[PDB]
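# Structural characterization, general
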Amino acid sequence: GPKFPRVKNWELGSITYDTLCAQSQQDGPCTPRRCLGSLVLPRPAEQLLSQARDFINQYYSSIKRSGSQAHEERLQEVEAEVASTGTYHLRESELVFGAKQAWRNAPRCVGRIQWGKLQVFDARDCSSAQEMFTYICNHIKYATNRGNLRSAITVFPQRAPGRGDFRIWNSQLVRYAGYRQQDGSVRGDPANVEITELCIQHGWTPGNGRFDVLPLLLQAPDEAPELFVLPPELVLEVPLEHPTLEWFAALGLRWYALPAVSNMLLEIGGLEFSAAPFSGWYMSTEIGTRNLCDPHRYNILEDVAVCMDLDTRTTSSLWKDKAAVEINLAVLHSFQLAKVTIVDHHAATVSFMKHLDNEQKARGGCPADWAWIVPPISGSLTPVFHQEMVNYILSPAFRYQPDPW
Amino acid sequence: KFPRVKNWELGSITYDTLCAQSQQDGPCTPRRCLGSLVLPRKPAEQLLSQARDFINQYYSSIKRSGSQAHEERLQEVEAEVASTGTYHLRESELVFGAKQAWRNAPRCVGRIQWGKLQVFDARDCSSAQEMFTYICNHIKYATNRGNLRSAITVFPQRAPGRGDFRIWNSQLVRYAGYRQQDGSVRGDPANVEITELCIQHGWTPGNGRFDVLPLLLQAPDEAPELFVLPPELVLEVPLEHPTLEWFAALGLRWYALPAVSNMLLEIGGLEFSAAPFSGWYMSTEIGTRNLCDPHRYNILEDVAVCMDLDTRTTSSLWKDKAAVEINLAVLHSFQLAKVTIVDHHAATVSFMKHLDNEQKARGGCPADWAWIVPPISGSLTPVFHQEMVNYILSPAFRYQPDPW
Ligand code: HEM
Ligand code: HEM
Ligand SMILES: Cc1ccnc(CCCCCO[C@H]2CNC[C@H]2Cc2cc(C)cc(N)n2)c1
Ligand SMILES: Cc1ccnc(CCCCCO[C@H]2CNC[C@H]2Cc2cc(C)cc(N)n2)c1
Ligand SMILES: C[C@H](O)[C@H](O)[C@H]1CNC2=NC(N)=NC(=O)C2=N1
Ligand SMILES: C[C@H](O)[C@H](O)[C@H]1CNC2=NC(N)=NC(=O)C2=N1
Ligand SMILES: [Zn+2]
């Protein structure tokens, strides 16, 4: 065997070796003494140039002009520009390539079979919070496409020396309010308590429902963030019903169609895009298992079990598992009926297996975070449970970044 | 740096300082994480410090850390190693080390029970025949007519000179898997290779789906010997469903006693190549993995059809629904048979309590998240939401090469 990690699939009995991991330039949180792979948050001058050069080489490889005159001219360009200004700027096609590659590189995304199919909106001309809003609105209109969802990213101006960042304060473009009660409970999404109160502090008149869509708090360089309300016609939502349990519709549950992450930093060739929201479509377990059944999210498991007349007084009745299955089915059924793209965890994980094969041949490996890739219900019923995975950081990358406040 | 470890459901944070006590490297590096891999990627002074550190662990455990008994025991160990290149454990040290190895086992969600472990000293064992007698005693004791009791039997340690004592079977109870001349399997596909080894060392096979394998037991540098387990010693549970009448008709069953018999127990640098241990099942091992793994009994489709589910399409969640009913049937059937089993909610709730116990007791607990989180309903259990640190402490249970 080679001195690259051996990766086994225990269902099929097949073996690969990950050589791509050698391309990692960035350390994760593990050491030989202890593994820290389960942590959610594993917390320039010449440094910039080498990252730039590496990225420029990656671009030229992908267009098969590596070593070419154009490749060598671009490198000189980059270093000349960095030499006189301290930074440099990407060509358009380099940005598109870098954005797809960041997605391709994202170890926590099971959706990566789709990585080559990404609409990249270039918004590097944006000069105000108002224009960020127009751009985001367009993104949302394009991406939503009346239920026939399309993966997209909008990229706003890069971080600059001593000038303020573009930031979207919201963690997603669509978030339901979380209202802290006098009794200490939360109405709405407890995930969004903090962003909800920031919105109120910045002048938003709050509602009082379980599903109030929040305004966007948008920040242009060195300015207070500005508040913007999404026209409700832009925000496609799906009311939830169950295919045979008629009373499920009476619960008044719903979810929005477009999962759009807005708090991550896109890093390309050492350049930092602090606002670069991206969207795809949901895997149904995200809604039906996590968002709805997490004890610290909507926490509806008991309510549903009571309605199904399950024995919630003992763990061994498996009342949680039964209720969770029906909530997931309701989500799938309801998105289907509504004609809103969604993928269940079996279809998603099967397609991620194909992705791993594609990447083994294309690049000799695929960075993957097992804990995230394996769905939160029915784990070993999906092929990825049985697949060993190697996790490592490649660039271009999406990274977590601190909250702006 | 000592890792900060967060629980995301409750927002609580701890610090793991137990990991500093690790002496053995796992497979990860700063460049890449290998925590999802099933198998680990890969002189007298070295034995002496392992031995001394384990002796220190032992006298600390009984509060006699610094006593005459302690100092004199270190001299004994040192004298023995320097003269002979090895040493031996007192029975009480063996009992302390076996519990500690369980306690330290990162893949075990049942560690709340770690202090309750019956240790059989089988170190005065000199033949395969004698191993069989000890194993029969273990099974009878651990089984206890359905009221299962955790146990370990410890056979003689490895010695520089000779071959190891080994039990060839991966468990004391295993169902045969018979390969057909078209590659396909009848019985348990996990056991194809052990089944052939049995037939080949002379066993007369059955042709059923749940034929209990005999044991291949090996004394040092001898051919292994075959021993049929007496039927009455192997308690099995027929599987039925509380509401689905047809479920029984599937003819499914599972055995009561989970006893791992291929792992090595390392205490104080000494190695016990045969030290089978048993507890009781968590229902998902049977209901989810053993029965629904595509490379195991793979029954999901059969049950789905019987439930008249829409099998034409994944998005009806037919797999999820059949798996739930199968786990329910295991739980129901074990309860009906009065055989100890724990469901995955109750087990993971106990493990959270264990974490807290261990944080106070030791300042950490090594845990392999991928193993601890159950194979159905992961995020429905608290352990999903709990960050974990994985690392190797000694005493340990380890994997070892297969004897053939
Ligand atoms: C095409 C439809 C897509 C599906 C079904 C999909 C699926 C998923 C799922 C299930 C997660 C885990 C989310 C969670 O547990 O909260 C995830 C995370 C991730 N996805 Fe994908 N994805 C898709 C498109 C995309 C696109 C277009 C990008 C970027 C261009 C992307 C990059 C990521 C990143 C960076 C994470 C980690 C987010 C974090 O750590 O907060 N995904 N995706
Ligand atoms: C008290 C009842 C017990 C319960 C409910 C329990 C639970 C579990 C579960 C669910 C697993 C993972 C099994 C799998 O996925 O196949 C496991 C693995 C393990 N358990 Fe426990 N356990 C118990 C007793 C014990 C005892 C008595 C020991 C040792 C004395 C032990 C040491 C281990 C070890 C070493 C592994 C890893 C096995 C391997 O890697 O193949 N367990 N146990
Ligand atoms: C593109 C796409 C497709 C499908 N689903 C999505 C939604 C992804 C939401 C991920 C949010 O993750 C949050 C909530 N749970 C762990 C935590 C991890 C995290 C932490 C931080 C500081 C930022 C961030 N983006 N993600 C996005
Ligand atoms: C004490 C107890 C309590 C509850 N369950 C059990 C049974 C545990 C059986 C674990 C067997 O694991 C096998 C089959 N699947 C992954 C694989 C890991 C492994 C590999 C090797 C070479 C040896 C070994 N013991 N374990 C034992
Ligand atoms: C502690 C643990 O890492 C967290 O609960 C992780 C586990 N796996 C996960 N997987 C995915 N896809 N999303 C998560 O939010 C998530 N949470
Ligand atoms: C590849 C991955 O590590 C294996 O499939 C793991 C995942 N988690 C697991 N968890 C448990 N408890 N037993 C397993 O056999 C198991 N298999
Ligand atoms: Zn790791």
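Residues numbered from 1 in each chain as written, not as in the entry; some residues may be left out. Chains lettered and ligands numbered in written order. Heavy atoms only, no water.

Regarding how it was determined, this PDB entry cites X-ray crystallography in its header, along with a resolution of 2.13 Å.

### Section: the overall build of chain A
What counts, and what does not: Secondary structure elements follow DSSP: runs of H or I of four or more residues count as helices, runs of E of two or more count as strands, with numbering from the N terminus. In this setup the radius of gyration rests on C-alpha atoms only. A globule is expected at 2.2 Å times the number of residues raised to 0.38. With residues, only the protein chains shown are counted as cover, and all accessible areas are computed by Shrake-Rupley using a 1.4 Å probe. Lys and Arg are tallied as positive, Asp and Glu as negative. Neither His nor the chain termini are counted. Charge placement uses NZ in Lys and CZ in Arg. For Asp and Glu, CG and CD serve respectively.
Broken down by element type, chain A carries 10 helices and 16 strands. Over its C-alpha trace chain A gives a radius of gyration of 23 Å, about what one expects of a compact globule, namely 22 Å for 405 residues. Seen through its C-alpha atoms, chain A measures out along the principal axes to roughly 70 × 60 × 40 Å. Accessible surface computed for chain A: about 17300 Å², of which carbon and sulfur atoms make up 50%. Taken together, the 38 basic and 44 acidic charged side chains of chain A have centroids lying 5 Å from each other.

### Points about the overall build of chain B
Inclusion rule: Partly exposed residues are those whose accessible area sits between 20% and 50% of the maximum for their type, while under 20% is buried and over 50% is exposed, using a 1.4 Å probe and protein chains only.
When its secondary structure is counted, chain B shows 10 helices and 18 strands. Scaling as 2.2 N^0.38, a compact globule of 404 residues should have a C-alpha radius of gyration of about 22 Å, and chain B matches this with 23 Å. Reported as C-alpha extents along the three principal axes, the dimensions of chain B are approximately 70 × 60 × 40 Å. Within chain B, buried positions represent 53% of all 404 residues. With the model as given, the accessible surface of chain B reaches about 17500 Å², and the carbon-plus-sulfur share is 51%.

### Regarding the domain arrangement of chain B
Residues and elements named next belong to chain B. The test is simple: Domain boundaries shown here were taken from an automatic or database domain assignment. It only takes one pair of heavy atoms within 4.5 Å for two residues to be counted as in contact. Pairs of N or O atoms within 3.5 Å make up the polar contacts considered here, provided that, within protein, one atom can donate a hydrogen while the other can accept it, and that residues adjacent in sequence are counted only when both atoms are side-chain atoms. Only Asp, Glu, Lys and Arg are considered charged, only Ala, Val, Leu, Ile, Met, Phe, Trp, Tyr, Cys and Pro nonpolar, and every remaining residue, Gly among them, polar.
Split by domain assignment, chain B resolves into domain 1 (16-123 + 150-160 + 264-278 + 348-372), domain 2 (124-149 + 164-235 + 399-403) and domain 3 (236-258 + 281-346). One C-alpha centre belongs to domain 1, the other to domain 3; they are set 35 Å apart. The interface of domain 1 with domain 3 comprises six residues on the first partner and six residues on the second. Applying the counting criterion to the domain 1 and domain 3 interface returns six residue pairs in polar contact. Among the secondary structure elements, those contributing two or more residues to the side of domain 1 that touches domain 3 are β15 (277-278) and α9 (344-362). Among the elements that make up the side of domain 1 that touches domain 3, the one with the highest residue count is α9 (three residues). Taken together, the residues of the side of domain 1 that touches domain 3 sort by class into three nonpolar, three polar and no charged.

### Points about the site of ligand 2
Residue and element names in this part refer to chain B. Worth spelling out the cut-off: Whether a residue is near a molecule or strand depends on its heavy atoms: it is near if one of them lies within 4 Å of it.
Near ligand 2 you find 19 residues, and of these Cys108, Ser150, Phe277, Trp280 and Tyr399 are the closest. At 3.4 Å from a nitrogen atom of ligand 2 is found a side-chain nitrogen or oxygen belonging to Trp102. The side chain of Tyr399 places a nitrogen or oxygen atom 2.5 Å from an oxygen atom of ligand 2. Residues that form the shell around ligand 2 fall into these classes: 12 nonpolar, five polar and two charged. Summarising the domain contributions, the shell around ligand 2 has at least three residues from each of domain 1 (16-123 + 150-160 + 264-278 + 348-372) and domain 3 (236-258 + 281-346).

### Here's the deal with the coordination of the zinc ion (ligand 7)
Heads up, the condition is: For Na, K and Ca the donor cutoff is 3.2 Å, while for all other metals N, O and S atoms count as donors only within 2.8 Å; water does not appear among the atoms, so some sites may look incomplete. All geometry calls rest on donor angles, where a four-donor set with angles between 85 and 135 degrees is tetrahedral, four- and six-donor sets with opposite donors more than 155 degrees apart and all others between 65 and 115 are square planar and octahedral, and all else is irregular.
Those donors, A:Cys30 (SG), A:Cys35 (SG), B:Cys28 (SG) and B:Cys33 (SG), are the protein atoms that reach the zinc ion (ligand 7), and they lie 2.3 to 2.4 Å from it. For the zinc ion (ligand 7), the four donor atoms are set out with angles of 106 to 119° between them, so the coordination reads as tetrahedral. Of this pair, A:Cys30 sits in the loop between β2 (15-17) and α1 (46-62) while B:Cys33 sits in the loop between β2 (13-15) and α1 (44-61), placing the two residues on different chains. Overall, B:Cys33 belongs to the buried group, its relative accessible area being 14%.

### Description of unusual backbone geometry
Residue A:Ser395 is joined to A:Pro396 through a cis peptide bond whose omega torsion reads -5°. Its place among the elements puts A:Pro396 in the loop between α10 (370-373) and β16 (397-399). The step from B:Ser394 to B:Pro395 runs through a cis peptide bond, and the omega angle for that step is 5°. Considering the arrangement of structural elements, one finds B:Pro395 in the loop between α10 (369-372) and β18 (396-398). Of note in this structure, B:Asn298 is not a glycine but carries a positive phi near 50°.

### Topic: the site of ligand 3
Residues and elements named next belong to chain A. Around ligand 3, the surrounding shell holds 14 residues, and the nearest of these are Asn263, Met264, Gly280, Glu286 and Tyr400. At 2.9 Å from a nitrogen atom of ligand 3 is found a side-chain nitrogen or oxygen belonging to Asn263. Take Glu286: an N or O atom from its side chain is 2.5 Å from a nitrogen atom of ligand 3. In isolation ligand 3 exposes 640 Å². Once the protein is present, 64% of that is buried. Here the shell around ligand 3 is built from residues that sort into nine nonpolar, four polar and one charged.

### Some details on the domain arrangement of chain A
All names here are of chain A. Definition in use: In this description, buried area is defined as the sum, over both parts, of the accessible area (probe of 1.4 Å) that is lost when the two are combined. Think of a salt bridge as a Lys or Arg side-chain nitrogen and an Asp or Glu carboxyl oxygen that are within 4 Å of each other.
The domain boundaries assigned to chain A delineate domain 1 (18-124 + 151-161 + 265-279 + 349-373), domain 2 (125-150 + 165-236 + 400-404) and domain 3 (237-259 + 282-347). Look at where the C-alpha atoms of domain 1 and domain 2 centre, and you get two points 27 Å apart. The interface is formed by 22 residues belonging to domain 1 together with 17 residues belonging to domain 2. For the pair domain 1 and domain 2, the two sides together bury roughly 1600 Å², of which 60% comes from carbon and sulfur. Counting the surface domain 1 buries against domain 2, the share from its top three residues, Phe156, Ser274 and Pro277, is 27%. Here domain 1 and domain 2 share one salt bridge between them. For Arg159, the salt bridge goes to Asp165, with nearest N and O atoms at 2.8 Å. Our count for the domain 1 to domain 2 interface comes out at nine residue pairs in polar contact. Within the residue set of the side of domain 1 that touches domain 2, elements represented by two or more residues are β3 (119-122), β4 (152-155) and β15 (278-279). A per-class count over the side of domain 1 that touches domain 2 returns 13 nonpolar, five polar and four charged.

### Quick look at helix α2 (residues 69-85) of chain A
All names here are of chain A. Stated precisely, the cut-off is as follows: What a helix is expected to span follows from its residue count: subtract one and scale by 1.5 Å. Arc definition: directions from the helix axis to the C-beta atoms.
Along its 17 residues, α2 runs 24 Å from first to last C-alpha, staying within 8% of the 24 Å computed at 1.5 Å per residue. Within the span of α2, buried status applies to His71, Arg74, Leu75, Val78 and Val82. Seen along its axis, α2 keeps its buried residues to an arc of 100°; they face one direction. In α2, the exposed positions angled more than 90 degrees off the buried face are occupied by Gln69, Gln76, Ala83 and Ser84. On its buried face, α2 is in contact with α1 and α3 (92-105).

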